[PDB]
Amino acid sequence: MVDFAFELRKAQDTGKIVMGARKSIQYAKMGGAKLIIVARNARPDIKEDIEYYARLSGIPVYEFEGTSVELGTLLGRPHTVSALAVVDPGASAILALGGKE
């Protein structure tokens, strides 16, 4: 399976990720995101909007099985991260989280 923590950090280190719900929605809307990752406990209203804008734009969403505290810690951030957009996967296999289509 895709090693989420590794591939996510490798995309951070070698590609471009944009952090947060607001950026995730923005990049979904203008089609700049390749993949959106959302924390399972993203606040429900925000999550719904992320999921809508992604579906609108045909951007895959992958639900991190972890909290926004865990996701932010994974990304080396001192704050929660409820979602992010993969703008450039770099050298990583992060986009494979999106499925084969």
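The first residue of the sequence shown is number 1, and the count goes up from there.
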Checklist entry - Looking at the deposited entry, does 88 to 96 or 21 to 29 carry the larger mean Cα B-factor? => result 21 to 29
Item to check | Cα B factor band for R43 (lowest, middle or highest third within the chain) | outcome: middle
Item to check | Chain-wide C-alpha B factor ranking for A54, given as lowest, middle or highest third | outcome: lowest
Checklist entry - With respect to C-alpha B-factor, does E70 fall in the lowest, middle or highest third of the chain as deposited? => result lowest
Checklist entry - Considering only modelled residues of the same chain, in which third does the CA B-factor of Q12 rank: lowest, middle or highest? => result middle
